[PDB]
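Coordinate inspection notes
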Amino acid sequence: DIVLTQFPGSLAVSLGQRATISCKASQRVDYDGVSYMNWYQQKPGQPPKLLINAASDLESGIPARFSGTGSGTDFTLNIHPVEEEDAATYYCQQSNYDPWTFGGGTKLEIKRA
Amino acid sequence: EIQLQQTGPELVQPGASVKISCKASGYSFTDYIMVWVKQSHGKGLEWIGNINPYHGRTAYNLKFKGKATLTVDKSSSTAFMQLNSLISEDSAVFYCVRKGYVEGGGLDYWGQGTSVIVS
């Protein structure tokens, strides 16, 4: 099965700065120019929340400071500028083949005074 | 608004089996597949398997083959999952999430989750 690997596992970024979260697939998750990579956000004590589907489509209601890019086996989630409510854990997930798989997740921390 | 009401918390003794559920609403139940996920304590998620509620079709992650069985009941729009041979390591949170195969390919709405404790 296609394994997803997220780097790093923890990240600390300053308010107003850019956070870049990477996700590597073991095999290509492309099909017809459509990358089947999704991104979810999970805050403590809460179920995961969908942010982007199909690599770069922002789900409605999600702030435009979030964006996703990539194709083939390399994908990134970008948050710029990062805000305080963005402290959470982020997971990538592919839907190209079975079984469906998620990356290990990356915890984002905000640096303040 | 799509709604995924899951069953409540469970404490189970090793060797036996629970049978959580998850009632859907807010869309036609048979239009989308129901996928299940094990969110073990303090870690990342694990896919368990999906089911097409229309024909009952099913596909599992192999690490959970033989442990979890997915079923559905259309008349009451509920997807239930059963876990057997339960053991200390099965202690975790289990979510049911809806997947839009013919809508755009996203697991759009998750349920709040069920906490199973084996002990």
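What this report covers is the structure whose coordinates are included nearby. (Residues numbered from 1 in each chain as written, not as in the entry; some residues may be left out. Chains lettered and ligands numbered in written order. Heavy atoms only, no water.)

Some remarks on the overall build of chain A
Counting secondary structure elements, chain A contains zero helices and 13 strands. Traced from its N-terminal end to its C-terminal end, chain A shows the element sequence β-β-β-β-β-β-β-β-β-β-β-β-β. A globule of 113 residues ought to have a C-alpha radius of gyration of about 13 Å, and chain A, at 13 Å, matches this closely. For chain A, the C-alpha atoms occupy an extent of roughly 45 × 25 × 25 Å along the three principal directions. For chain A, the proportion of its 113 residues judged to be buried stands at 47%. By sequence separation, contacts in chain A at least 24 residues apart represent 56% of the contacts at least 6 residues apart. Only carbon and sulfur atoms are counted for the fraction: they give 46% of the accessible area of chain A, which is about 5700 Å². Looking at charge distribution, chain A has the averaged site of its 9 positive side-chain charges lying 10 Å from that of its 12 negative ones. (Helix = DSSP H or I, 4+ residues; strand = E, 2+ residues; numbered from the N terminus. Rg over C-alpha atoms; globule rule 2.2 N^0.38 Å. Buried < 20%, exposed > 50% of the residue type's maximum accessible area, 1.4 Å probe, protein only. Contact = heavy atoms within 4.5 Å. Areas by Shrake-Rupley, 256 points an atom, 1.4 Å probe, with all protein chains shown as cover. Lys, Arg positive; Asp, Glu negative; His and termini not counted. Charge placed at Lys NZ, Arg CZ, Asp CG, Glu CD.)

Here's the deal with the nonpolar core
Among the nonpolar cores identified, the biggest contains 28 residues, and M34(B), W36(B), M81(B) and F94(B) are the most heavily contacted of them. Those elements giving two or more residues to this core turn out to be β3 (22-25), β4 (33-39), β5 (45-51), β7 (68-73), β8 (78-83), β9 (92-99) and β11 (114-118) of chain B. (Core = buried A, V, L, I, M, F, W, Y, C linked by side-chain atoms within 4.5 Å.)

Side note on the interface of chain A and chain B
The interface is formed by 17 residues belonging to chain A together with 18 residues belonging to chain B. Carbon and sulfur atoms supply 59% of the area buried between chain A and chain B, which totals about 1400 Å² over both sides. Seen at the junction of chain A and chain B, the total is three residue pairs in polar contact. For the side of chain A that touches chain B, the secondary structure elements donating two or more residues are β6 (37-42), β7 (49-53) and β11 (88-94) of chain A. Examining the composition of the side of chain A that touches chain B, we find that three residues originate from one element, β6(A), more than from any other. (Buried area = accessible area lost by both parts, 1.4 Å probe. Polar contact = N/O pair within 3.5 Å; in protein donor to acceptor, adjacent residues only side chain to side chain.)

Some points on the packing of aromatic side chains
Within the structure shown, the criterion is met by six aromatic pairs over all chains. When the ring of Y40(A) is compared with that of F102(A), the centres are 6.1 Å apart and the planes differ by 45°; the resulting orientation is tilted. In this pair, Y40(A) is assigned in strand β6 and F102(A) in strand β12 (residues 101-102), connecting sequence segments 62 residues apart. Among the residues examined, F102(A) registers a relative accessible area of 11% and is labelled buried. Seen in terms of ring centroids, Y40(A) and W110(B) are 5.9 Å apart; in terms of plane orientation they differ by 80°. Their pairing is edge-to-face. Of the two residues, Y40(A) is situated in strand β6 and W110(B) in strand β10 (residues 107-110); the pairing between them involves two chains. Across this residue pair, the class does not change: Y40(A) and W110(B) are buried. Within the aromatic cluster, the residues linked to one another by ring pairs are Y40(A), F102(A), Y95(B) and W110(B). Seen from the ring of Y27(B), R98(B) lies directly overhead, with NZ or CZ sitting 4.4 Å from the centre. (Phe/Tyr/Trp six-rings, centres within 6.5 Å; stacked < 30°, edge-to-face > 60°. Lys NZ or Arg CZ within 6 Å of the ring centre and 35° of its normal.)

What to know about the sheet that holds strand β10 (residues 74-79) of chain A
Residues and elements named next belong to chain A. Ordered by their spatial adjacency, four strands build an open sheet running β1-β3-β10-β9, and the pairing between neighbours is antiparallel. Both edges of this open sheet fall to β1 (4-7) and β9 (66-71), since each of them pairs with a single strand only. Along the sheet, successive strands turn relative to each other by an average axial angle of 20°, direction set aside. Relative to strand β3 (residues 19-25), β1 runs antiparallel, the two being bridged by four bridges. (Pairing = 2+ DSSP bridges. Axes fitted to C-alpha atoms, helices over the stretch in contact; angles between N-to-C directions.)

Some thoughts on the side chain of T106(A)
All names here are of chain A. Secondary-structure assignment places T106 in strand β13 (residues 106-111). Polar side-chain contacts of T106 include one of 3.2 Å to the side chain of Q6. Within polar-contact distance, the side chain of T106 engages the backbone oxygen of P8 at 2.8 Å. When residues no more than four places from it in sequence are discounted, the contact partners of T106 are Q6, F7, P8, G9, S10, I21, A88, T89 and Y90.

Here we look at the pairing of β3(B)
All names here are of chain B. Residues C22 and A24 point to one face of β3 and are all buried, whereas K23 and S25, pointing to the other face, are not buried. Of the strand pairs in this sheet, strand β1 (residues 3-6) and β3 are connected by four bridges, and their pairing is antiparallel. Considered in β3, the bridge of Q5 is made with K23.

Description of empty space enclosed by the protein
Residues and elements named next belong to chain B. What the rule picks out here adds up to one cavity of 30 Å³ or more. Lining the largest cavity, in full, are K38, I48, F64, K67, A68, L83, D90 and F94. Of the residues in the lining of the largest cavity, the class split is five nonpolar, no polar and three charged. (1 Å grid on protein atoms, 1.4 Å probe; cavity = no way out; pocket = protein on both sides within 12 Å on 5 of 7 lines; lining within 4 Å. Points joined across faces, edges and corners; volume = space filled by probe spheres on them. Nonpolar A, V, L, I, M, F, W, Y, C, P; charged D, E, K, R; others polar.)

Everything listed is a geometric property; what it means functionally is a separate question.
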